[PDB]
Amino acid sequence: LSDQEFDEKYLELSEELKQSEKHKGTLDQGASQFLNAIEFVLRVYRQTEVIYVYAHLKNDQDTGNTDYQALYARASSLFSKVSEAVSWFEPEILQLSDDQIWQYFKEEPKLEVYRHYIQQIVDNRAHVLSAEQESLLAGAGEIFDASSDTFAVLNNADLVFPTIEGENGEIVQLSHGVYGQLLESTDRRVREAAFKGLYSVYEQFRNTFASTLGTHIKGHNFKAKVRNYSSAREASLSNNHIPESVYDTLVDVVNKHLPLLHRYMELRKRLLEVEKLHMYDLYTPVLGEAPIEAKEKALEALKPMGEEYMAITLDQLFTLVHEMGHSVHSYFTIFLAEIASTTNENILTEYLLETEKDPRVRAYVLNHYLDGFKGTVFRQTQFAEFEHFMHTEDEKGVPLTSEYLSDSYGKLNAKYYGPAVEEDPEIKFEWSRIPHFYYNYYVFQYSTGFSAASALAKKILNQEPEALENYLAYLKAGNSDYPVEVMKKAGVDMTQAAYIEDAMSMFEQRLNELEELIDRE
C-alpha cells in the first residue's frame, strides 16, 4: 500500500504529463499562456520530486530491502520521465527576451507568485541549454546518479565486517550500527580492534569505491563543462548564489589555523596519557561527564535573546537548547535552520562558563565546545578540501585511482592533525566510507554555518547595537535561496575571513583556559 498509493500517484502523474504537449511552444502566446505553463510544470515536477525524495529516503533506511529497492527504482524512472517531458520549459522561457518576460508580469499580477522562480532562470541564461540538450541530460539522469546508488548498496547492504573480541571479552560482530559505540569505548584494545577491523574491509574494496566515487565526480565535471560553468564547484554553489570565495576563505582560514588543532591534539594525548595518539583514540571521552528542571537554566541562559524571543544530565541540556532554537526558527518558516540551533548552544555554553565555578564542570564544557568545533569546522573542512581536490584533479585529467586518492587523503589528514597524532595506515582509506562525497559540494556548509553561528552569538552576547534585531529578522526571513545575503543582513559577511577568525580566536582562548585548568588540578 506504500507501493499501492505509489501506484495511484504514478498513474496520475503519468496521465497529467500528457498535457505537457499542450503547453510546449505556447510561452510566446501571452502572459496567460505563460502563467498556465509555469503552473503546469511546477505542479507536475514538484509532485514527482516529493515521491522521489520519499522513496530515496526509504531506500537509504534499508537498502537491502527488495520492496524498497523496487519502490526507489520505480520512482527514479518516473522522475526522469517527468524531468525529460518538462525539459523544454526553461529553454522556451529563455527564447523570450528579458523584457518580454517582465512585460508579462505587468499584464498578469498573478505571475508575481513565481517571479523569484522566473528570476533564477533569467539569471542562469548562460547555463541553460537547448531543448534537445536538456532532454538528453534529463533523460540520462539515472545513469549519472547510478554510482551513488551502487555505493549506498555496497556500503549498507553487502559489506560485512569482521568479528572482534568485545568489551566483556565476548565475540562482537562489527557493523555500521555498533562501530561508533566501539570507537568510544574506554577499553583501548576494543577501540583499536574495531578501527582495524572496519578499515580492513574498506582497504579490500578501495578500488570499487574509487570507481563509484570517481564516476560521480566525473559526472559533476561533465555537467559543469557542458553548462559553461568554469568548474564543478562554481556549478554547485551558483544555484544557491554562493560565491566561490566563501569556500576559498573557509579552506584558507582553516589551513592558516591548523596549529590550533595540533595543539588540541597534544592536549588530548596528555589527557589520555598514551605513548602515542592514534585516530582510534580521538572519539573516546577525555574528561568523562561532570557532576550535574533543566528548563529554568535553559530560559535563563537564553535571556540575551530578549523579550520577543523568550515568549515565542549536562549533554541533554545542550539538546534542549538546541531544539528550542530549531523550534523558534520553525515558527517563522537546512544550513540556515542549523544556525538558529548552534547559536543557542553557543549562548548556553557562554552562560555556563560565566556561572559555573567547579573546575570539573568548567573543564567539561570547555572540552565539549572544543570537541564540537573539531568535528564541525576542522573535520568537515578537511572533507571540503578533499572534495574540491578530487574535482580539480579529475578535471585536469589526473586519474583518481585508489592509490592516488589514499596517498592524497593520508597526506591531508597528517597536515590537519599534525605530529601529535600517529599516521595510521588505515586512515588513508577513510575517503571511501564518507557518504557526503556523493552529494555535490555539501559538507563545507557545516563549517561556514558553525562559524556564522559563532559570530551571531558573539554579537548578541555583547549587546552589539543592532545585533538582536538583526538576528530576529534573520529568523523572520526563513529558508532562502540567498543564504549569504541573509547572513550579510544579519551582520556576518561570509566572503570575508573575520567571522572565521573570530571563531578561531574563541577556540584558542577556551583551549588556553582548559590547559590552565588541567595544570591547576
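So that there is no doubt, residue numbering starts at 1 and follows the sequence shown.
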{"property": "Residues of the deposited sequence left unbuilt between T313 and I312", "result": "10 or more"}
{"property": "Residues with no coordinates between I292 and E293, taken from the deposited sequence as a class", "result": "4 to 9"}
{"property": "Mean Cα B-factor comparison, 426 to 434 or 166 to 174, giving the higher one as deposited", "result": "166 to 174"}
{"property": "Stretch with the higher entry mean CA B-factor, where the candidates are 42 to 50 and 457 to 465", "result": "457 to 465"}
{"property": "Top Cα B factor in the deposited entry, candidates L366, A337, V254, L261", "result": "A337"}
{"property": "Candidate set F222, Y72, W102, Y280 [ranked by C-alpha B-factor, highest]", "result": "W102"}
{"property": "Relative C-alpha B-factor of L35, binned into the chain's lowest, middle or highest third", "result": "lowest"}
{"property": "Entry-reported Cα temperature factor of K22, expressed as the chain third it lands in", "result": "highest"}
{"property": "Among modelled residues of the same chain, the CA temperature factor third for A473", "result": "highest"}
{"property": "Third of the chain, ranked by Cα B-factor, where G491 sits", "result": "middle"}
{"property": "Third of the chain's Cα B-factor distribution that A146 belongs to, per the entry", "result": "highest"}
